[PDB]
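Below is one structure; the comments refer to it alone.
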Amino acid sequence: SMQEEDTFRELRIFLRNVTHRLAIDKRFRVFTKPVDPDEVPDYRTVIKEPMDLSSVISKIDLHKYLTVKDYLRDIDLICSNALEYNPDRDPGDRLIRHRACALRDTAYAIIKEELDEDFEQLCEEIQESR
Ligand SMILES: CCN1C[C@@H]2C[C@H]3c4onc(C)c4[C@@H](O)[C@]2(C1)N3C
Ligand SMILES: CCN1C[C@@H]2C[C@H]3c4onc(C)c4[C@@H](O)[C@]2(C1)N3C
């Protein structure tokens, strides 16, 4: 219905605003673009599903997310990819792990404080009806 298309349009506006706010924080600059396969040819042999904040904005615009749950699965993949690729005790590794955990906690805290529980339940019921 037209009312259902208006629901999904409101969801995309909300997700773009969350994602752009994460993308301007100086801590998260390393997550804003894909890993350059030149500089890091090894990356794509270890990490099977690369993900970054530029890719997330492209996916919103292609209508790939019908719920906040499916968006948070991509935020979780940005974080898990950084933890898996950089697991060592050295400071470079420890700094990117700390930043990855901060990105995930920041996204969850914005959504907890700014999404109504009933808007997300409506998106999940339209999704399950398709
Ligand atoms: C050129 C200096 N490198 C330091 C970082 C460690 C590792 C990494 O893991 N996730 C991302 C994103 C990145 C890149 O920022 C990075 C580039 N590497 C491929
Ligand atoms: C319980 C009634 N809700 C009204 C508000 C609308 C929306 C929202 O957007 N930013 C913030 C902050 C808030 C919350 O205060 C709120 C709680 N919602 C999640």
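Ligands are numbered from 1 in the order shown, residues from 1 within each chain, and chains are lettered A, B, ... in the order they appear in the structure tokens.
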Write out as JSON lines a residue-level contact list of chain A versus ligand 1 with cut-off 8 Å: for each qualifying residue the closest pair of atoms and the distance in Å to one decimal, counting only C-alpha atoms and all ligand atoms, rows sorted by chain and residue number upward.
```
{"residue": "A:30", "atom": "CA", "partner": "ligand 1", "partner_atom_place_in_ligand_line": "15 (O)", "distance": 4.7}
{"residue": "A:31", "atom": "CA", "partner": "ligand 1", "partner_atom_place_in_ligand_line": "12 (C)", "distance": 5.0}
{"residue": "A:32", "atom": "CA", "partner": "ligand 1", "partner_atom_place_in_ligand_line": "12 (C)", "distance": 7.8}
{"residue": "A:33", "atom": "CA", "partner": "ligand 1", "partner_atom_place_in_ligand_line": "12 (C)", "distance": 7.4}
{"residue": "A:34", "atom": "CA", "partner": "ligand 1", "partner_atom_place_in_ligand_line": "12 (C)", "distance": 6.8}
{"residue": "A:35", "atom": "CA", "partner": "ligand 1", "partner_atom_place_in_ligand_line": "12 (C)", "distance": 5.6}
{"residue": "A:36", "atom": "CA", "partner": "ligand 1", "partner_atom_place_in_ligand_line": "19 (C)", "distance": 7.6}
{"residue": "A:39", "atom": "CA", "partner": "ligand 1", "partner_atom_place_in_ligand_line": "1 (C)", "distance": 6.6}
{"residue": "A:40", "atom": "CA", "partner": "ligand 1", "partner_atom_place_in_ligand_line": "19 (C)", "distance": 5.5}
{"residue": "A:43", "atom": "CA", "partner": "ligand 1", "partner_atom_place_in_ligand_line": "19 (C)", "distance": 6.5}
{"residue": "A:52", "atom": "CA", "partner": "ligand 1", "partner_atom_place_in_ligand_line": "12 (C)", "distance": 7.6}
{"residue": "A:81", "atom": "CA", "partner": "ligand 1", "partner_atom_place_in_ligand_line": "10 (N)", "distance": 7.1}
{"residue": "A:82", "atom": "CA", "partner": "ligand 1", "partner_atom_place_in_ligand_line": "10 (N)", "distance": 4.9}
{"residue": "A:85", "atom": "CA", "partner": "ligand 1", "partner_atom_place_in_ligand_line": "9 (O)", "distance": 6.1}
{"residue": "A:86", "atom": "CA", "partner": "ligand 1", "partner_atom_place_in_ligand_line": "9 (O)", "distance": 6.4}
{"residue": "A:92", "atom": "CA", "partner": "ligand 1", "partner_atom_place_in_ligand_line": "6 (C)", "distance": 7.4}
{"residue": "A:93", "atom": "CA", "partner": "ligand 1", "partner_atom_place_in_ligand_line": "6 (C)", "distance": 7.1}
{"residue": "A:96", "atom": "CA", "partner": "ligand 1", "partner_atom_place_in_ligand_line": "6 (C)", "distance": 7.0}
```
Create the file for the chosen residues now, containing N, CA and C atoms and written as a compact mmCIF listing (two decimals), in the first residue's frame.
```
# COMPACT_ATOMS: atom_id res chain seq x y z
N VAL A 30 38.37 5.10 9.69
CA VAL A 30 38.87 3.83 9.10
C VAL A 30 37.72 2.94 8.57
N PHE A 31 36.49 3.13 9.05
CA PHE A 31 35.31 2.30 8.61
C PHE A 31 34.49 3.00 7.51
N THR A 32 34.89 4.16 6.99
CA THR A 32 34.04 4.97 6.09
C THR A 32 34.15 4.51 4.62
N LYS A 33 35.19 3.78 4.23
CA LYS A 33 35.39 3.35 2.82
C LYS A 33 35.90 1.91 2.80
N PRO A 34 35.71 1.20 1.67
CA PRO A 34 36.18 -0.18 1.58
C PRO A 34 37.72 -0.22 1.71
N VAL A 35 38.27 -1.34 2.15
CA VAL A 35 39.74 -1.59 2.18
C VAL A 35 40.25 -1.67 0.73
N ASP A 36 41.29 -0.91 0.42
CA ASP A 36 41.90 -0.83 -0.94
C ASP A 36 42.65 -2.14 -1.20
N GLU A 39 46.70 -1.63 -1.57
CA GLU A 39 47.42 -1.50 -0.28
C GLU A 39 47.34 -2.80 0.52
N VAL A 40 46.22 -3.54 0.48
CA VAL A 40 45.99 -4.72 1.36
C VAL A 40 45.45 -5.90 0.54
N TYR A 43 43.49 -8.79 2.33
CA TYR A 43 42.25 -8.53 3.14
C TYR A 43 41.14 -9.49 2.68
N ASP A 52 31.47 -1.57 4.89
CA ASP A 52 31.92 -0.24 5.38
C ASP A 52 30.73 0.71 5.34
N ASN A 81 34.35 -8.08 11.38
CA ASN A 81 35.43 -8.09 10.37
C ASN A 81 36.71 -7.44 10.98
N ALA A 82 36.61 -6.27 11.63
CA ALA A 82 37.78 -5.60 12.26
C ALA A 82 38.37 -6.48 13.37
N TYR A 85 40.19 -9.60 11.57
CA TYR A 85 41.37 -9.26 10.78
C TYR A 85 42.51 -8.71 11.69
N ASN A 86 42.21 -8.17 12.87
CA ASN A 86 43.25 -7.42 13.69
C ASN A 86 43.29 -7.98 15.09
N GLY A 92 48.53 -1.06 17.29
CA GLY A 92 47.74 -0.83 16.06
C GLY A 92 46.46 -1.66 16.04
N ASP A 93 46.59 -2.96 16.30
CA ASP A 93 45.46 -3.92 16.44
C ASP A 93 44.53 -3.47 17.56
N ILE A 96 42.32 -0.35 16.64
CA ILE A 96 41.21 -0.59 15.66
C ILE A 96 40.11 -1.44 16.33
```
- Message: Using DSSP assignments from the backbone, pull out every residue in chain A that falls under helix (DSSP H, G or I) and give it to me as a PyMOL selection string.
- Response: chain A and resi 2-24+26-31+43-46+53-61+68-85+91-114+117-129
- Check every protein, DNA and RNA residue against ligand 2, keep those with an atom at most 8 Å away (counting only C-alpha atoms and all ligand atoms), and present them as a PyMOL selection string. chain A and resi 112-117
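Remark: for residue 15 in chain A, the closest of the candidate residues A:74, A:122, A:3, A:98 is A:74 (distances computed over only C-alpha atoms).
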Near-residue 100 in chain A list (10 Å; only C-alpha atoms; drop same-chain fewer than 4 positions) as an mmCIF file with N, CA and C atoms, in the first residue's frame:
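Written output follows (part-v4.cif):
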```cif
data_model
loop_
_atom_site.group_PDB
_atom_site.id
_atom_site.type_symbol
_atom_site.label_atom_id
_atom_site.label_comp_id
_atom_site.auth_asym_id
_atom_site.auth_seq_id
_atom_site.Cartn_x
_atom_site.Cartn_y
_atom_site.Cartn_z
ATOM 1 N N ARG A 27 36.848 9.094 15.117
ATOM 2 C CA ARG A 27 37.218 7.736 15.597
ATOM 3 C C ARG A 27 36.928 6.684 14.523
ATOM 4 N N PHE A 28 35.918 6.934 13.690
ATOM 5 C CA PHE A 28 35.373 5.905 12.765
ATOM 6 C C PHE A 28 35.792 6.080 11.317
ATOM 7 N N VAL A 30 38.368 5.103 9.694
ATOM 8 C CA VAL A 30 38.870 3.834 9.099
ATOM 9 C C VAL A 30 37.719 2.940 8.573
ATOM 10 N N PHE A 31 36.486 3.128 9.050
ATOM 11 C CA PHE A 31 35.312 2.303 8.608
ATOM 12 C C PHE A 31 34.491 3.003 7.505
ATOM 13 N N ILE A 75 26.078 -3.301 10.596
ATOM 14 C CA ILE A 75 26.946 -2.631 11.635
ATOM 15 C C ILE A 75 27.748 -3.712 12.391
ATOM 16 N N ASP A 76 27.102 -4.798 12.837
ATOM 17 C CA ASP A 76 27.746 -5.954 13.514
ATOM 18 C C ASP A 76 28.827 -6.592 12.632
ATOM 19 N N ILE A 78 30.656 -4.978 10.191
ATOM 20 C CA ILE A 78 31.801 -4.028 10.166
ATOM 21 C C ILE A 78 32.655 -4.327 11.410
ATOM 22 N N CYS A 79 32.015 -4.428 12.569
ATOM 23 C CA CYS A 79 32.727 -4.655 13.858
ATOM 24 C C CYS A 79 33.400 -6.049 13.883
ATOM 25 N N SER A 80 32.658 -7.113 13.561
ATOM 26 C CA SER A 80 33.255 -8.476 13.590
ATOM 27 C C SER A 80 34.411 -8.627 12.576
ATOM 28 N N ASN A 81 34.351 -8.083 11.378
ATOM 29 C CA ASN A 81 35.430 -8.095 10.371
ATOM 30 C C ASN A 81 36.709 -7.443 10.980
ATOM 31 N N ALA A 82 36.609 -6.275 11.634
ATOM 32 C CA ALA A 82 37.783 -5.601 12.260
ATOM 33 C C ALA A 82 38.369 -6.476 13.372
ATOM 34 N N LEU A 83 37.556 -7.116 14.202
ATOM 35 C CA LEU A 83 38.036 -7.958 15.329
ATOM 36 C C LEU A 83 38.767 -9.198 14.780
ATOM 37 N N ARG A 94 45.090 -3.205 18.744
ATOM 38 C CA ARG A 94 44.252 -2.878 19.928
ATOM 39 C C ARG A 94 43.427 -1.579 19.635
ATOM 40 N N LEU A 95 44.015 -0.624 18.938
ATOM 41 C CA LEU A 95 43.348 0.681 18.671
ATOM 42 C C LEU A 95 42.139 0.433 17.708
ATOM 43 N N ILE A 96 42.319 -0.348 16.641
ATOM 44 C CA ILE A 96 41.208 -0.587 15.662
ATOM 45 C C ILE A 96 40.111 -1.436 16.326
ATOM 46 N N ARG A 104 30.045 0.009 17.101
ATOM 47 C CA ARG A 104 28.891 -0.859 17.415
ATOM 48 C C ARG A 104 28.080 -0.371 18.611
ATOM 49 N N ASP A 105 28.727 -0.040 19.728
ATOM 50 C CA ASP A 105 28.036 0.501 20.916
ATOM 51 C C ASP A 105 27.348 1.856 20.642
ATOM 52 N N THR A 106 27.959 2.737 19.857
ATOM 53 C CA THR A 106 27.402 4.049 19.499
ATOM 54 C C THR A 106 26.126 3.844 18.633
#
```
